[PDB]
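Some notes on the structure that comes next.
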Amino acid sequence: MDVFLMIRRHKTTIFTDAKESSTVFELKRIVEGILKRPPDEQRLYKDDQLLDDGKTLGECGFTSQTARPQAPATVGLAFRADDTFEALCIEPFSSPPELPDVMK
Amino acid sequence: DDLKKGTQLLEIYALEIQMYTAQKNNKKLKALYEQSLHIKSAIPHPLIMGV
Amino acid sequence: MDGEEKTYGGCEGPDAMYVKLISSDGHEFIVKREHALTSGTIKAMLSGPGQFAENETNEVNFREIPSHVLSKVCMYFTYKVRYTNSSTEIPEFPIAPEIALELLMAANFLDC
Amino acid sequence: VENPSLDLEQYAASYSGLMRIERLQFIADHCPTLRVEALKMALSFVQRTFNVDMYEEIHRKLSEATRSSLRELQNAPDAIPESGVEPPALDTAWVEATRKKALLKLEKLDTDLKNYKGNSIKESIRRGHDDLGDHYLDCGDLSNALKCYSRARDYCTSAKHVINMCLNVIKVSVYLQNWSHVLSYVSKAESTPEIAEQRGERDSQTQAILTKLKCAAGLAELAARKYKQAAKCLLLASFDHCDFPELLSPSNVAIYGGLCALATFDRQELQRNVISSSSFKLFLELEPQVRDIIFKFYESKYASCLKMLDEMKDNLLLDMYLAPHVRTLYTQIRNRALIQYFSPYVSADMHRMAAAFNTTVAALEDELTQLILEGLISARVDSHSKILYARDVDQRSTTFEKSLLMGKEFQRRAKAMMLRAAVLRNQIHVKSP
């Protein structure tokens with residue numbers, strides 16, 4: 001039923017819970033109370049694509065099999081550095097270290 | 001605990017039993033028998049008690 | 001489109017509603033407060049340190065856990081809390097061979 | 001076989017969701033006469049709350065019954081739905097309209113659920129879980145329906161909230177073939193309300209609570225081939241619920257419990273269970289064809305009790321769950337009637353038994369072979385005179401020899417145990433591998 005998403009922006013993930021087919025404007029109000037920023041400055045993206053305020057999460061592609069609690073989906077974040085978007089690309093996680101060869 | 005002879009709640013249910021027995025409807029006679037136990041615990045021994 | 005939404009609802013909270021977890025590569029893992037109560041070392045930091053339990057400055061510094069290890073730890077906290085107090089299907093958790101050897105050492109440290 | 005005489009109004013108004021569609025498709029695939037009315041009523045249910053998984057499967061069977069000339073449905077449909085009634089067809093602009101309308105209803109219910117959680121109201125959250133659980137069933141999300149009912153368990157505060165929640169998990173566990181989960185949930189729903197409230201639902205009762213908990217468990221016990229446990233719980237339910245919106249019909253509990261106890265109980269046990277109990281008398285009075293079976297079985301009337309069994313077999317085969325049980329329950333009732341009939345006899349004639357069961361001499365000889373190996377009797381077939389004789393051994397022969405064989409194994413196993421304990425004394429363990 002419930003789906004979990006992560007808002008990553010320049011090596012900074014934000015774990016925020018939302019509904020399956022909820023409005024996009026409702027998700028921006030939750031980040032306002034944690035970042036002390038107006039919701040009009042944030043911009044949610046999905047696979048390098050600008051979303052709309054009139055649409056919902058269920059119409060884009062936020063299903064139960066995709067945004068599972070065990071493996072959430074990456075959500076883009078873009079602020080307002082001047083008048084347009086700011087961030088767009090993030091950085092992946094690090095690589096695992098060398099495994100001990102004495103155990104294999 | 002004074003005078004008796006005067007029951008209305010049990011007289012209505014007793015009149016339906018004499019009518020439903022002619023139509024052979026055991027589904028309604030079983031429901032009317034359970035409702036007669038509450039009134040039987042508050043009446044002496046008149047004539048409706050034997051019906 | 002349709003449907004009535006709530007402006008100040010859901011899981012909206014101040015600085016005391018979400019915690020902060022500092023990784024070893026510079027990543028900042030900000031999760032909920034109820035999800036960090038599964039472990040033992042993280043829960044001990046919120047009860048202390050210290051005579052100030054709540055001060056809008058709660059943070060977790062992990063110098064031994066990098067970024068790829070804490071990425072599965074935060075997902076394991078949500079998987080453990082959500083899949084309780086119910087009776088539904090529980091899918092299998094995808095665990096990599098290179099991560100299983102690292103997740104075992106982190107589970108014993110976090111007491112989970 | 002199939003039966004053209006069957007009431008489809010009561011069989012479709014008893015269940016809802018996926019059970020109403022599956023029960024109607026099995027009738028059309030088995031009965032050629034009841035195929036147009038079965039597919040028409042099933043297509044009308046797709047209009048309310050549209051979907052995309054159950055709208056393309058129903059139309060697949062309609063095109064194979066009207067366009068194909070191999071079936072009898074050709075002179076009336078003429079390979080076109082324009083024949084008397086106008087069922088919903090399937091075109092290009094219909095596969096897209098049935099998907100956009102279903103997704104619009106999901107976004108409206110999901111948005112309202114987030115607002116109810118922010119108001120800190122446990123009554124609005126529990127009410128919204130029932131609407132989301134039944135919506136994902138008709139669409140095709142079998143895993144999303146169990147996630148909505150499982151979250152409503154923490155918002156209970158009364159006895160009616162636990163009963164309404166436990167009844168929803170049974171509907172999802174039926175499609176998943178989880179018979180063990182149904183038996184584990186009916187026990188929890190019986191200890192909280194203490195069996196029909198704490199006083200019996202005031203004085204008069206219109207919809208009994210015990211009947212709901214006793215009817216949902218009978219469907220899972222029948223599919224698991226458990227006729228002994230299903231016939232012992234269906235007798236406690238009474239006819240006081242007036243049909244069901246999402247459960248079995250009241251005209252099927254008398255057959256489910258009447259046919260299960262007829263194969264596991266004899267004649268003496270039937271007069272004390274399905275006859276002495278006043279709760280099962282209300283269910284048997286609705287269908288007089290089932291009450292005459294018990295009376296004919298007690299009066300040693302196996303000739304008339306067998307002819308009435310095959311007459312109702314064509315009507316029970318049109319069902320979905322009772323259809324696969326016509327080959328396991330019918331063979332046990334016929335075998336039980338033959339054992340009880342041969343108990344007072346000891347030298348029955350083959351010519352008299354063949355004329356009583358409406359059979360012949362050739363079919364009667366084959367029935368005696370399957371009655372000795374499978375049954376618990378002891379008869380002998382004498383082919384020299386065509387008379388079922390009886391030749392049993394002495395009571396002292398099968399008792400002295402059985403006790404002597406057990407005494408020899410008792411002394412052999414006791415002496416062999418001393419040999420195993422002998423090597424365990426001088427420090428000699430296992431050294432073979």
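Observations on the structure shown:
- Estimated 222 nm signal from helices in chain D, with DSSP H stretches of n ≥ 4 weighted -39500 (n - 2.57), rounded to 500: -17000 deg cm²/dmol
- Angle of helix D:18-30 to the longest C-alpha principal axis of chain D, folded into 0 to 90 degrees and rounded to 10: 70°.
- Computed from Cα atoms, the angle from the helix A:24-35 axis to the main principal axis of chain A rounds to 70 degrees.
- Where chymotrypsin sites (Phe, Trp or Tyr not before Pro) fall in DSSP loop in region C:1-58, at most 13 other Cβ within 10 Å: C:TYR8, C:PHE52
- Cross-link partners of B:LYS28 among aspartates and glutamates (Cα-Cα below 19 Å; sequence separation of 8 or more within a chain): B:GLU11, B:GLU16, D:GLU201, D:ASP203, D:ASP240, D:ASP243, D:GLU285, D:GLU287
- 18 Å Cα-Cα reach of A:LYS104 towards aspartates and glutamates, excluding residues that sit fewer than 8 places from it in its own chain: C:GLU98, C:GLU102
- Region D:166-180 and region D:121-145: distance between their alpha carbon centers, rounded to Å: 15
- Peptide A:29-37 has a mean of 4 when you count, residue by residue, the C-beta atoms of other protein chains within 10 Å of its C-beta.
- Computed over region A:28-104: relative contact order in percent, which uses C-alpha pairs under 8 Å that are six or more apart: 27
- Measuring between their Cα centroids, region A:19-95 and region D:53-111 lie 39 Å from each other.
- Spatially close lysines, pair count over region A:2-103: Cα under 15 Å, gap of eight or more or interchain: 6
- Taking a straight Cα-Cα cut-off under 16 Å and skipping sequence neighbours fewer than 8 places away in the same chain, the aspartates and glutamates within cross-link reach of C:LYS32 are A:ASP2, A:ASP17, A:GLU32, C:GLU12, C:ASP15, C:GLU54, C:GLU56, C:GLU59.
- For the set D:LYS122/D:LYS171; D:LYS40/D:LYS108; D:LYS61/D:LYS100; C:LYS6/C:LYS72; C:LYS20/D:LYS114, the pairs lying more than 28 angstrom apart at their alpha carbons are D:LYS40/D:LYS108; C:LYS6/C:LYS72.
- Acute angle (nearest 10 degrees) that the helix D:122-139 long axis makes with the longest principal axis of chain D, alpha-carbon atoms: 80
- For chain D, convex hull of alpha carbons as volume per residue, Å³: 312
- A full extension of the chain between B:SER41 and B:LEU15 corresponds to an added length of 7.4 nm, given 0.36 nm per residue minus the alpha carbon distance.
- Kirkwood hydrodynamic radius of the protein assembly as shown, Cα pairs, Å: 32.7
- Debye-formula intensities of region D:154-278, expressed as log10 I(q)/I(0) at q = 0.11, 0.20, 0.21 Å⁻¹, are -0.40, -1.24, -1.33 (one equal scatterer per alpha-carbon, no solvent).
- Rounded Å value of the spacing that divides the Cα centres of region C:65-112 and region D:277-298: 59
- Under the simplified labelling scheme, the C:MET105-D:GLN207 pair shows an inter-label distance of 6.1 nm, with each label point 7 Å from Cα along Cα→Cβ.
Neighbour counts run over all protein chains shown; Cβ positions are idealised from the backbone, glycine included. Read-outs throughout are calculated quantities, based only on the coordinates presented, and are distinct from any laboratory measurement.
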